[PDB]
Amino acid sequence: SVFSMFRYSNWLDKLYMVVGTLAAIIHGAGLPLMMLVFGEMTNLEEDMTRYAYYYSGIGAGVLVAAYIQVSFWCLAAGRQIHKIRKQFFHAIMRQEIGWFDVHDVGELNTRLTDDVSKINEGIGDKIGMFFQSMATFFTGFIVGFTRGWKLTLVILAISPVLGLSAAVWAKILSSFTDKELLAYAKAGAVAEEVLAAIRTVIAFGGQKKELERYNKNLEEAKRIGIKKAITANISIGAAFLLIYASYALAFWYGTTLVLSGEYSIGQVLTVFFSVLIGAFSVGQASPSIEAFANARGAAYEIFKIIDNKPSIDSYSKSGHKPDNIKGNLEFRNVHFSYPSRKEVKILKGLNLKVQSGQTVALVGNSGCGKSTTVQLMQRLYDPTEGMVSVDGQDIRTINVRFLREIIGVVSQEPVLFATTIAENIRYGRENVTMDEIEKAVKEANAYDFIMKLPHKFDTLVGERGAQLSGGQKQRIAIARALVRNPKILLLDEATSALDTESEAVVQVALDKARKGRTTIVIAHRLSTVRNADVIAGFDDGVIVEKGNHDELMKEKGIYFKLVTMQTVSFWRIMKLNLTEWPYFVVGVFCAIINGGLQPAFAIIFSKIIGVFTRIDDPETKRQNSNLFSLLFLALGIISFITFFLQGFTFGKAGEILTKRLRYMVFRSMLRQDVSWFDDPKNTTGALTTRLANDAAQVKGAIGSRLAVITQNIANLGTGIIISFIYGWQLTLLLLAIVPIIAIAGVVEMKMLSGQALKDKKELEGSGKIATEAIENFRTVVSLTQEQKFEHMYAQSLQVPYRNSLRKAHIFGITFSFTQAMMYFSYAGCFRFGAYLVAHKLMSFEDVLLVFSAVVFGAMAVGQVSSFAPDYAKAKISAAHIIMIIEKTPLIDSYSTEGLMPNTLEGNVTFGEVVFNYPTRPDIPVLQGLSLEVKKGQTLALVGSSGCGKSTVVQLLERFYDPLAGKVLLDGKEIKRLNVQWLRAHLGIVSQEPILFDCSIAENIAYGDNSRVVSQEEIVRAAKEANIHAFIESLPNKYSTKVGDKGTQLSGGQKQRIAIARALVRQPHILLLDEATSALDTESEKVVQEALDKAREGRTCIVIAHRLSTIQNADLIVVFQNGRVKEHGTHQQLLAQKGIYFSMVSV
Ligand SMILES: [Mg+2]
Ligand SMILES: [Mg+2]
């Protein structure tokens, strides 16, 4: 699957790349020509000045070639970066729901960011650098062939071994990188899944277990990365060992020739200079081939997904969209099973039918397949066998886009995007008028509370619409469905958390327009289906009961059964590596040795020339040449050892540091309080992208790149030391030419710091958008807002794209100018040395040696410029990582200080509780209500929807500390009590709970952390929650893997599972927030009886909008305007004719 990375190369992109290749070739060819100059050098002041002028002229050519090469490659890389991101997100959004179910999804988020950053940020400039180095090696060989025939032939004959070794090591490195990126993606998926359910996790105190689960994937990634580092370092060390062995053999053959005299001393010296330059070119090349191998590895999975052509294309136009669409639908022999569990049969081939305006309600036992019916109708899943048809024409023939456009579906367990309410509604249809929105919301009985809040329609909802109460979220979803003005409404339990009055008004409003809308109302509050045209009774996947309400009651079947039952770190990050300092010590020592031995070739050449011209004894000359060759071979072996040691130690140090940074940042994010998760900046997608970006950037600036930079800086330092020692009044020239380099580097860093900060913020926003789309993928697919999300993602990426092009130009300027200035300095130093020699102030051999050292350093310095952008980005990435890790909220879950009472009676008292959500601090919700619950008393509260019911329990859970007031526990102020202790004792049933993607047994066991859960306990809890029977019923029993966020199991099933989870703790305090949100009255009665049997001894607070689950409540509290308007038992409240009587009667 090679070359796929260029699949999105535009003709302008191709021109960019080829021009860059030519420019890199030209730039590389220039350096060895300097060595060719020595060949001419090997009146003299005239030739010295001639060579100096030639070098000065070549300086501008090198300037232009470098700028062109770098800019073209970076521009192509940016274009590929943007095109690949766009097309990959397109492919992800194209996938049908089946592929979305079978495969893990949380991976895709971090896959995007990590893979793109590791693929294109690896191809772009590094490929150009590799072409430059290969061109330099080839040009060195060519000049050697010009000046010789034997030694150059030997070098060429030894080259293909190095070539084949590079190829094989690149292949293996890419293979390893595939698994490394898979491990990173698994870690990212775990992080995303945990963060989405942050409320539940902090409720059940599961931070440690999630942290360990993340650490597992982190450790796998660490191991794979260390393996890759070893592979790369071994490859490069072997290449250089072969290079030095070839050089030593060439030196021996030159000793053989000198006696023969076939080539002069100057000729062989020039050949050796060219070959040494070629070896250093290969040394510079190796990192680029490593990076390209990483790029291919990262491309593997991305293009695997891209080439995943689905069956239900959500973009093709191969269907019919007839103008006249009468809302008539019918199922026919619809055999269907979910691809998530192929075995289970859920639809036995039922057959329904409705006519335009006829409302066919679906009623039955929980999880009987109603949601499956609407899913199959929406063409999310193609039935195994069946002729599901609308207005005669089969659904399959019709075009999917138009079909879903004309269908409006309420999101059972509603899901709203992290935008403003206006836009949340606007997602219903593209072109929508504010008047239409007002009319729809009025129809939804939502205008009143919307106007109540400041920024009536400008108020923001959080992730998955968690900033609003369940009833408010349902009403907003109702508005979203209505605004589409659909011919086929798919109302799905839209009367779930609403207050009885709210449900009544919504039903009346829906009926007002039901005449022309083909609604399919699914509900369990049977009142909401009393006036339904047709009521469908589901059993075992088939419909038996039918007809209107009177006929259904006469049948005395399932429907009648239920009805009756109702009755800043440039040194801080380096500081953090205190536990690795042996690795840095060994690596820096080896890098210093390599740098010093780099220019040492000049001294070696000087000594060899002296030996060849010192004595007249051919035997002595042969002995000296043999000694020098042996020294070169030993130098090569030692260089192999040192290269591998330094490269490996720095690679392992980078990997370990990055893993520790990832673990620390994730743990810090878990530490942070829920309130911090409220801020729109901190959303799950943002956080996961933040991880995958910051950690990777810090790695990139602390990994083997730092190793190569230390090697190059040591090379430059030892070159300057050699120049100063052997020459004086010359190295001062280069030293005084450094200051422009210093200033240019400062300017480049200053610009790129801001550029990268802006790019990072934009990338965090884009990750937020992508994660919001993918996590709520079902809803967006149902609304066909995929195109809108793609546009949002492209618009968000727009800023990084322009910033990337700008960085391409900036870095091209910096690198090309630095190289050109270095070559001008070399030419000027040569001219000055010639002038001094004519002045009889320096021997020519010394000047030649110093020029050799300076040219070696000029070849070396090619890497610092390449490093500069990496350091620029990593500075800010680190800064943010340190900021996050150092953060500490008002309340710390890990904090073990405070009060930890041995035993709690379980009496909860609240007084003067005044609170407002920090998201909208101005708006008050609690009016200082006073409450008191004794041990073994199932207190309950009811009132108008979204009147702070969930807020009371959330304050009880210390999600937010009260703004003003005092809430105690057994006569002890909650604050004084250790947060973890209470969070363990208390139990929260949540609202529309999100179960994790694990084994159902594992999900239930999650309820009581810090102590293993015996299978007996889990099955007992399931039986108590009236699900153990079903749980055993399904294949694999408890091995079944609930989909991401519990999306696979039906609403009632996950409700019961959450009930069981909260039950496993057997808590002294049991807080239930609409535990019976979606349950058949029979199951509701069973669970209520189970709770009542255990009611005594376990103080309980239950909130629900169904009087049936609260009729026998110990004490019912009526909440109005945040205050306890009416409080009393069922008999007392019924005797009075206040709000409770009105709500019950309706
Ligand atoms: Mg359902
Ligand atoms: Mg609630």
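Residue numbering in chain A adheres to Swiss-Prot, whereby the residues present occupy positions 35-76, 106-630, 695-1273 in order.
In case you wondered, yes, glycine gets a Cβ from its N, Cα and C as well.
According to Swiss-Prot, the feature domain 'ABC transporter 1' maps to 392-628.
Per Swiss-Prot, the feature domain 'ABC transmembrane type-1 2' maps to 711-1000.
According to Swiss-Prot, the domain 'ABC transporter 2' annotation covers 1035-1273, on the basis of sequence analysis.
The annotation topological domain 'Cytoplasmic' is assigned in Swiss-Prot to 138-186 (among others) on the grounds of similarity to another entry.
Per Swiss-Prot, the feature topological domain 'Extracellular' maps to 209-215 (among others); the stated evidence is similarity to another entry.
Feature annotation from Swiss-Prot assigns topological domain 'Cytoplasmic' to 237-292 (among others); the stated evidence is similarity to another entry.
Residues or ranges marked as topological domain 'Extracellular' in Swiss-Prot: 317-330 (among others). Tertiary proximity for the topological domain 'Extracellular' (317-330) is limited to same-chain residues at least six positions away from its ends with a CB under 8 Å from its CB atoms, namely 72-73, 76, 210-211, 213-214, 736, 739-740, 745, 748-749, 752-753, 756.
According to Swiss-Prot, the topological domain 'Extracellular' annotation covers 733-756 (among others), on the basis of similarity to another entry. Secondary structure counts, DSSP: the topological domain 'Extracellular' (733-756) has 21 helix, 0 strand, 3 coil.
Annotated topological domain 'Cytoplasmic' per Swiss-Prot: 778-832 (among others), in sequence order, evidence recorded as similarity to another entry.
Annotation comment: Swiss-Prot describes 875-934 (among others) as topological domain 'Cytoplasmic'. Across the topological domain 'Cytoplasmic' (875-934), DSSP assigns 57 helix, 0 strand, 3 coil.
Here the topological domain 'Extracellular' (958-973) has, by DSSP, the following mix of helix, strand and coil residues: 11 helix, 0 strand, 5 coil. Under the heading topological domain 'Extracellular', Swiss-Prot lists 958-973 (among others), citing similarity to another entry as support.
Residues or ranges marked as transmembrane segment by Swiss-Prot: 45-67 (among others).
According to Swiss-Prot, the transmembrane segment annotation covers 117-137 (among others), on the basis of sequence analysis.
Residues or ranges marked as transmembrane segment by Swiss-Prot on the basis of sequence analysis: 187-208 (among others).
According to Swiss-Prot, the transmembrane segment annotation covers 216-236 (among others).
What Swiss-Prot lists as transmembrane segment is 293-316 (among others).
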In the same chain, who gets a Cβ under 8 Å from the transmembrane segment (855-874) while lying at least 6 residues past its ends?
847, 941, 944-945, 948-949, 952, 955-956, 959-960, 963, 968-969, 974, 977, 981, 995
Beyond the flanks of the topological domain 'Extracellular' (209-215) by at least 6 residues, Cβ under 8 Å:
70, 73, 313, 316-317, 320, 325-326, 330-331, 333-335, 337-338
For the transmembrane segment (187-208), could you work out the same-chain residues 6 or more beyond its ends whose Cβ comes under 8 Å from its Cβ atoms?
54-55, 58-63, 65-67, 69-70, 73, 132-133, 135-137, 139-141, 143-144, 214-216, 218-219, 222, 333-334, 337-338, 340-342, 344-345, 347-348, 350-352, 354-355, 938, 986, 989, 993
Annotated stretches the transmembrane segment (117-137) and the transmembrane segment (935-957) touching (3 or more Cβ pairs under 8 Å):
yes
Recorded stretches the transmembrane segment (712-732) and the transmembrane segment (935-957) touching, at least 3 CB pairs under 8 Å:
no
Positions on the same chain near the transmembrane segment (935-957), where near means CB under 8 A and six or more residues out:
61, 64, 68, 111, 114-116, 118-119, 121-123, 125-131, 133-134, 137-138, 140-141, 188, 857, 860-861, 864, 867-868, 871-872, 875, 878-879, 882, 974, 977-978, 981-982, 985, 988-989, 992-993, 995-996
Secondary structure content, the topological domain 'Cytoplasmic' (778-832) (per DSSP, counts of residues):
47 helix, 0 strand, 8 coil
Please give the sequence-distant neighbours of the topological domain 'Extracellular' (958-973): residues at least 6 beyond its ends with Cβ less than 8 Å from one of its Cβ atoms.
107-108, 111-112, 115-116, 119, 733, 736, 853-854, 856-857, 860
